[PDB]
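Below is one structure, written out as C-alpha cells; the observations come after it.
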Amino acid sequence: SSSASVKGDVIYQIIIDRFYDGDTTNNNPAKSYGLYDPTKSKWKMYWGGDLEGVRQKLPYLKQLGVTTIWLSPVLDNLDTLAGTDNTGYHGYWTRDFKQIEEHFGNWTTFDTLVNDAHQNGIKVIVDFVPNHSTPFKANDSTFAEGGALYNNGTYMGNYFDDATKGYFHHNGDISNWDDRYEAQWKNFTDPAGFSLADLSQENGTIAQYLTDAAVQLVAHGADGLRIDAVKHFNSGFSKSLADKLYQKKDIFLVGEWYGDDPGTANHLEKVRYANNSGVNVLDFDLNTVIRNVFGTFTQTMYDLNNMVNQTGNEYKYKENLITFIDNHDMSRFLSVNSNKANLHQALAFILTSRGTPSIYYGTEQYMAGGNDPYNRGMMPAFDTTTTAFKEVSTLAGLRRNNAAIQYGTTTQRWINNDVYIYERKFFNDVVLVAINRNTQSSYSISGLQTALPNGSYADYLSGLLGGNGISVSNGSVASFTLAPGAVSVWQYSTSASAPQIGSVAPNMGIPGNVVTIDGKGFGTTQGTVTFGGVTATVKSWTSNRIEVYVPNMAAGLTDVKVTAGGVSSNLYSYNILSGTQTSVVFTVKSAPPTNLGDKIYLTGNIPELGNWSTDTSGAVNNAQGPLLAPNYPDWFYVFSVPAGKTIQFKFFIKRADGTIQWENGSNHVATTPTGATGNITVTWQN
Ligand SMILES: C[C@H]1O[C@H](O[C@H]2[C@H](O)[C@@H](O)[C@@H](O[C@H]3[C@H](O)[C@@H](O)[C@H](O)O[C@@H]3CO)O[C@@H]2CO)[C@H](O)[C@@H](O)[C@@H]1N[C@H]1O[C@H](CO)[C@@H](O[C@H]2O[C@H](CO)[C@@H](O[C@H]3O[C@H](CO)[C@@H](O)[C@H](O)[C@H]3O)[C@H](O)[C@H]2O)[C@H](O)[C@H]1O
Ligand SMILES: OC[C@H]1O[C@H](O[C@H]2[C@H](O)[C@@H](O)[C@@H](O)O[C@@H]2CO)[C@H](O)[C@@H](O)[C@@H]1O
Ligand SMILES: OC[C@H]1O[C@H](O[C@H]2[C@H](O)[C@@H](O)[C@@H](O)O[C@@H]2CO)[C@H](O)[C@@H](O)[C@@H]1O
Ligand SMILES: [Ca+2]
Ligand SMILES: [Ca+2]
Ligand SMILES: [Ca+2]
C-alpha cells in the first residue's frame, strides 16, 4: 500500500492541543476537569486543540504539500495536575493506552480524521509512548495518579500496588542518561520534580497490552507510528512489536532515539538499532549539523556534507531516516536564527535531501519560541501566501514527482564554507540543488559539473528564494552567480525503460506479510518478483508500485528483484524472520571477569541471533548485544527471537582489543516462549 514508504512525502508534526480547536465542547471535560486554560498563558495546561481541529484544517495541509501527518500522542493522558499548572496536554503521560484522550475527541473522532485525511491523499502516523505511564513521586502516592494504568477504563495498577503484578520497573530514577542500563530500567525524570512510572516491557501482560494498543491504532486506520523514547526501553521489544505491526499491515515505523551523534559512546548501538530492529530512526545526526550550519553558524557546509556522507555510510536504509530542523523538544529554528532566508534554506535542504522531511507545525507561519514549552505555542495563522508555505508546497511536489529525491544517491558538486551544491540521482532522474547560506554575499560558481542532460534549466522554485536558470552542456554547467542567501533547484525526470527498484518496505517481516516495492519501469502488465530467487505471489502490479506476499521461504536477509519484459531490476534487501517473534530476556550467569571495554554478546543458529556471527558492527543479523551487567558477573539483555522455537546459542566476550573469547563446551539449547515475552537463563560454560 502507500503506507509502507514515505520517501515521496512531506511529514508534518502536529502537537494536537496547540494546532486548532475544532470542537470547543471537549475543552474541559468532567473526567479531567480543571486542566484547561482559556487564556493561553499557562504554558503547560491544555489550550484546546483537538483531532476535529486537525480534520478541519485538511485543506490547508493538503495545499501546503503535506502527505503524512505525524500526530502527537492521542491516547488518554493523566486526568489530574502534576504540580502547578502542569498537565498531559502534550500526550506523553498515558493513563490508558486503549482510549483516545477526551480533550481531543473519542474513537469516532479519530476514525473520522483518519478517514478524511485518507480521502485527501494524506496519511496519518501516531506518536506512541510505550516507555511509561504518568507522573509520580515515590514517597507520595497522592501526587497525580500515582502512575495509574487502565485498560479501556478498567484499572490495572499503579506504582504502589505492583508487588504481585510487576507491571512497572522499581529501580529508581535515571541519574546518568548515557548509561544504557539506567536509561532503560530506571525512571524518566522531569526537572519539575517528578518521575514517570516506567513500564516493564519484560512483563508479559504489559508487553501484550502495549502490542494490542498499537495494533488498535492500525486497525483504526493509522498508517504507521512514531515510537517515543526507543533508547529508554529494551530493543528486543521494539523488534518484536514491529513484527506484530507488520503482520497487520505494511505500515511505516520510525523511532525516536534522541541524540547519540557520531563519535559518541552509544552511537553504534543506535545505528545497529536502525539497521536491525525493523524500526527506522529520526535523524538526530543530521539535525545537529543542520542547526549549526543554518542556525548558529558554528559549523560549515563542509560539516554538512561530511554528515551526509557519514550517515550514508552507516545507515543501511538511510532513505528511511526522518529529517528535521527542529521539533517539540528543542528551540524553534527562528529562535536560534531569526533570518527567514536561513530558515528557507534549511527547509529546502531537508525537502530535497535523502530520507523524508518532518516539518514541525507552524514553521511555515514563522513561529518562534525557545525550548519546551515555549516551542509549543498556538498555531498563529493559516496563511497560504507565506514564502515558506509556497516553498514547501513547491518542493513537496518535486519530491512526489522526481524519483531522484525519493531514492537517489547524493553527490557533492560544489562546496565552500557557505555554499553547498549537491546532486540527487536515481537512474535517469536527476535533481541538482544549490544552497548559499550567506545572506550578504553572492558567489561566482565556476567548474560545476552535473549529471543533468544537455539543455537550459529554469529554477524549479521560479526565483522564490533567489534562484536562477542554468545552461548545461556535456556535463558542465556554464558559470553563473549564486545570489545572496539563495536556493536554486534544477531537475530532470523521464520514464524508465527497465525496472528500477527505489524501495522495498517494510524492511522486515514473516512469510505472508504484504510488502511494497516502489520504483519505476515495472510496466502495466504483470511480470514477476523474486525474493532470493523464490517467486513471490503478486497482490497488485502498477508501473511504479508492486505489492507482494513474502514467500514461505527460509529466514534471513534476502534480495528482492523485479522482472519486467524479461529484464531484471537492481536488487533490494529484505529481512525474513524465522516466525512471529517473542521478546526474551537472555541472562548468562557467572561469566568470566572482564575489564573496561570488554562486552559480552549472544550468537546462535538463527538469523535473529546472527547465525553464529561474532561480528558486532552495524550489519544486519550479526552478533546480538552487547549484554549489560548491573548484576555482574551475571550479564543480560533482551532480544527478539521466533516464538515457540527450539534454538541453539552461545555467548562470547568481545575484549576491548577486538579479541573473541567464546564460552566453552556444547551449545546451550532452549525453547522460546509462545507468548509476547519470556526468559532464558543459563550459566556461562567454562
Ligand atoms: C525530551 C527527550 O529527553 C531525552 O532526551 C535526552 C537524550 O537522551 C540525551 O542524550 C540528551 O541529548 C543530547 C544529545 O545526545 C546530543 O546529541 C545533543 O547535541 O544535545 C542533547 C541535549 O543535551 O538530552 C536529551 C534531553 O534534552 C529522551 O531520551 C527523549 O526520548 C525525550 N523525548 C521524548 O520523550 C518524552 C517522554 O515521553 C517526551 O517528553 C514529555 O515528557 C517530558 C517529561 O515529563 C516533558 O519534558 C520535561 O522533561 C524533559 C526530560 O527531563 C526536559 O528535558 C524538559 O525540559 C521538560 O519539560 C515533555 O514536556 C513532554 O513532552 C518528549 O516530548 C519526547 O519527544
Ligand atoms: O570542477 C570539478 C570540481 O568541482 C567542485 O570544486 C569546486 C570547489 O568545490 C569550490 O570550492 C571552488 O574551488 O571551485 C571548484 C571548481 O572549480 C567539486 O567540489 C570538486 O569535487 C570537483 O572536482
Ligand atoms: O561457526 C559456526 C559454529 O559456531 C559455534 O562454534 C564455535 C564454538 O562454540 C567455540 O567453542 C569455538 O570453537 O568457535 C566455534 C566457531 O568457530 C557453534 O557452537 C557451532 O555449533 C557452529 O557450528
Ligand atoms: Ca477542543
Ligand atoms: Ca485524560
Ligand atoms: Ca524504560
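In mature numbering (1 follows the signal peptide of the UniProt record, and there is no 0), the protein residues as written are 1 to 686. We put the beta carbon where it would ideally sit given N, CA and C, even for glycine.
**Secondary structure of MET301, DSSP reduced to three states** = By one-based count along the sequence shown, residue 301 stands at place 301. DSSP places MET301 in helix when its eight states are reduced to three.
**beta-carbon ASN27 near ligand 6 non-hydrogen atom, thresh 7 Å** = Numbered from 1 along the sequence shown, position 27 holds the residue referred to as residue 27. No.
**Message:** Our contact map puts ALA197 next to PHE136 with C-beta atoms below 8 Å; I'd like the distance itself, whole angstroms only.
**Reply:** Here residue 197 refers to the residue found at position 197 when the sequence shown is read from its first residue. Here residue 136 refers to the residue found at position 136 when the sequence shown is read from its first residue. Yes, they are in contact, since the Cβ atoms of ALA197 and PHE136 sit about 5 Å apart, within 8 Å.
**Request:** Using three-state DSSP, classify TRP107 as helix, strand or coil.
**Result:** By one-based count along the sequence shown, residue 107 stands at place 107. Residue state, collapsed to three classes: helix.
**Prompt:** Using the C-alpha atoms, what's the distance from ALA207 back to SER200?
**Reply:** Reading the sequence shown from its first residue, position 200 is the one you call residue 200. Reading the sequence shown from its first residue, position 207 is the one you call residue 207. Between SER200 and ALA207, the C-alpha separation is close to 8 Å.
**Request:** Could you tell me whether any non-hydrogen atom of ligand 2 is closer than 7 Å to the CB of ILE653?
**Result:** Along the sequence shown, one-based indexing puts residue 653 at 653. It does not: the Cβ of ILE653 is nowhere closer than 7 Å to a heavy atom of ligand 2.
**Message:** In whole angstroms, give me the CA-to-CA distance for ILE501 and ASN570.
**Reply:** Numbered from its first residue, the sequence shown carries residue 501 at position 501. Numbered from its first residue, the sequence shown carries residue 570 at position 570. Cα to Cα, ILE501 sits roughly 6 Å from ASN570.
**Request:** Give the single residue among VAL293, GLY533, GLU364 and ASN320 whose Cα lies nearest to the Cα of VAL336.
**Result:** In the sequence shown, the residue the question calls residue 336 occupies position 336. It is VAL293.
**Item:** Pairwise C-alpha distance: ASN416 and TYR302
**Value:** Taking the first residue of the sequence shown as 1, we reach residue 302 at position 302. Taking the first residue of the sequence shown as 1, we reach residue 416 at position 416. About 7 Å.
**Request:** With DSSP as the reference, please indicate the residues paired to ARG226 in a beta bridge.
**Result:** As a first step, residue 226 must be located in the sequence shown, where it is residue number 226. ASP127 and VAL254.
**Item:** 7 Å CB neighbourhood of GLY236 in its chain, flanking five on each side removed
**Value:** Position 236 of the sequence shown, counting from 1, holds the residue named residue 236. Hits under 7 Å: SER583, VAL584, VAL638, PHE639 and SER640.
**Message:** Spatial neighbours of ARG655 within its chain, please: C-beta separation below 6 Å, excluding the five flanking residues on both sides.
**Reply:** In the sequence shown, the residue the question calls residue 655 occupies position 655. The residues are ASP598.
**Request:** Mind reading off the beta-carbon distance from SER393 to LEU64? Whole number of angstroms is fine, and I expect it under 8 Å.
**Result:** Within the sequence shown, numbered from 1, the residue matching residue 393 stands at position 393. Within the sequence shown, numbered from 1, the residue matching residue 64 stands at position 64. At roughly 6 Å, the Cβ-Cβ gap stays under 8 Å, so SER393 and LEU64 are in contact.
**Request:** Under 6 Å Cβ to Cβ from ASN327, same chain only, skipping five residues before and after it: list those, please.
**Result:** Your numbering for residue 327 matches position 327 in the sequence shown. Here the set comprises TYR360.
**Item:** Every unbroken beta strand (DSSP E) inside the stretch 428-492 [3 residues or more]
**Value:** 429-436, 443-445, 455-457, 470-473, 480-482 and 487-492
**Prompt:** What separation, rounded to the nearest whole angstrom, lies between the Cα atoms of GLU423 and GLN310?
**Reply:** Here residue 423 corresponds to residue number 423 of the sequence shown, with the count starting at 1. Here residue 310 corresponds to residue number 310 of the sequence shown, with the count starting at 1. Roughly 17 Å between the two C-alpha positions.
**Request:** Any chance you could list the residues with Cβ under 6 Å from a heavy atom of ligand 6, keeping chain order?
**Result:** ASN131, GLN184, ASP198, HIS232 and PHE233
**Alpha carbon of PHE651 to alpha carbon of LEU628, nearest angstrom** = Locating residue 651 in the sequence shown gives position 651, where the first residue counts as 1. Locating residue 628 in the sequence shown gives position 628, where the first residue counts as 1. Whole-angstrom Cα-Cα distance: 13 Å.
**Asked** Could you give the distance in angstroms between the alpha-carbon of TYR181 and the alpha-carbon of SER238?
**Response** If you number the sequence shown from 1, residue 181 lands on position 181. If you number the sequence shown from 1, residue 238 lands on position 238. Rounded to whole angstroms, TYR181 to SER238 spans 16 Å at the Cα level.
**Prompt:** Where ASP116 and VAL669 are concerned, what is the direct C-alpha to C-alpha distance, given to the nearest angstrom?
**Reply:** Along the sequence shown, one-based indexing puts residue 116 at 116. Along the sequence shown, one-based indexing puts residue 669 at 669. Cα-Cα distance, rounded: 52 Å.
**Item:** Closest Cα partner of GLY604 within the set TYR258, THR646 and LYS249
**Value:** The residue you call residue 604 lines up with position 604 of the sequence shown. Measuring from the Cα of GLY604, the nearest candidate turns out to be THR646.
**Asked** Okay, do the stretch 397-408 and the stretch 419-436 touch, 3+ Cβ pairs below 8 Å being the bar?
**Response** yes
**Prompt:** For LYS31, is the classification buried or exposed, using 16 other Cβ atoms within 10 angstroms of its Cβ as the cut-off for buried?
**Reply:** Counting from 1 along the sequence shown, the entry for residue 31 is found at position 31. Exposed.
**Message:** By the three-class DSSP mapping on this structure, what secondary structure does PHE233 have?
**Reply:** Stepping through the sequence shown from its first residue, residue 233 is reached at position 233. Three-state result, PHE233: coil.
**Request:** Run the proximity test for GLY447: is its beta-carbon closer than 7 Å to any non-hydrogen atom belonging to ligand 2?
**Result:** Residue mapping note: residue 447 aligns to position 447 of the sequence shown, counting from 1. Checking the Cβ of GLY447 against ligand 2 gives yes.
**Request:** Please report how far the alpha carbon of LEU81 lies from the alpha carbon of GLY88, in whole angstroms.
**Result:** Against the sequence shown, residue 81 aligns to sequence position 81. Against the sequence shown, residue 88 aligns to sequence position 88. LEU81 and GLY88: Cα-Cα distance of roughly 8 Å.
**Item:** When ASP518, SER240 and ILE227 are compared against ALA4, the one with the closest alpha-carbon
**Value:** Working through the sequence shown from its first residue, we reach residue 4 at position 4. Ranking the options by Cα distance to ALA4, first place goes to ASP518.
**Item:** Endpoints, the beta strand (DSSP E) within which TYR273 is located
**Value:** Position 273 of the sequence shown, counting from 1, holds the residue named residue 273. Premise fails: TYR273 lies in the alpha helix (DSSP H), 267-276, not in any beta strand (DSSP E).
**Prompt:** Which one or two residues does DSSP pair with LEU71 in a beta bridge?
**Reply:** Position 71 of the sequence shown holds residue 71. According to DSSP, which records beta bridges pairwise, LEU71 is partnered with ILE14 and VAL126.
**Asked** Does DSSP put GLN310 in a helix, in a strand, or in coil?
**Response** Here the question's residue 310 lines up with position 310 in the sequence shown. Helix, per DSSP.
**Message:** Bridge partners for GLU423 per DSSP, in chain order?
**Reply:** Against the sequence shown, residue 423 aligns to sequence position 423. Answer is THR411 and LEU432, bridged to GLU423.
**Message:** Taking its Cβ as the centre, do 16 or more other Cβ atoms sit within 10 Å of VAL567, making it buried, or is it exposed?
**Reply:** Here the question's residue 567 lines up with position 567 in the sequence shown. Exposed, because fewer than 16 other Cβ atoms sit within 10 Å of the Cβ of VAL567.
**Prompt:** Looking only at its own chain, which residues have a Cβ that is under 6 Å from the Cβ of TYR572, when we skip the five neighbours before and after it?
**Reply:** If you number the sequence shown from 1, residue 572 lands on position 572. Closer than 6 Å at the Cβ level, and outside the excluded window around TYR572, lie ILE501, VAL504 and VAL560.
**Message:** Please determine whether the Cβ atom of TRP177 lies at a distance below 7 Å from any heavy atom of ligand 1.
**Reply:** For the purposes of this step, residue 177 is taken as the residue at position 177 of the sequence shown. Indeed, a heavy atom of ligand 1 lies less than 7 Å from the Cβ.
**Prompt:** Rounded to a whole number of angstroms, what is the C-alpha to C-alpha distance between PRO633 and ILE660?
**Reply:** The residue given as residue 633 occupies position 633 in the sequence shown. The residue given as residue 660 occupies position 660 in the sequence shown. Distance between the alpha carbons of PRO633 and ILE660: 18 Å.
**Prompt:** Taking DSSP as the reference, what is the three-state secondary structure of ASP198?
**Reply:** Here residue 198 corresponds to residue number 198 of the sequence shown, with the count starting at 1. DSSP places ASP198 in strand when its eight states are reduced to three.
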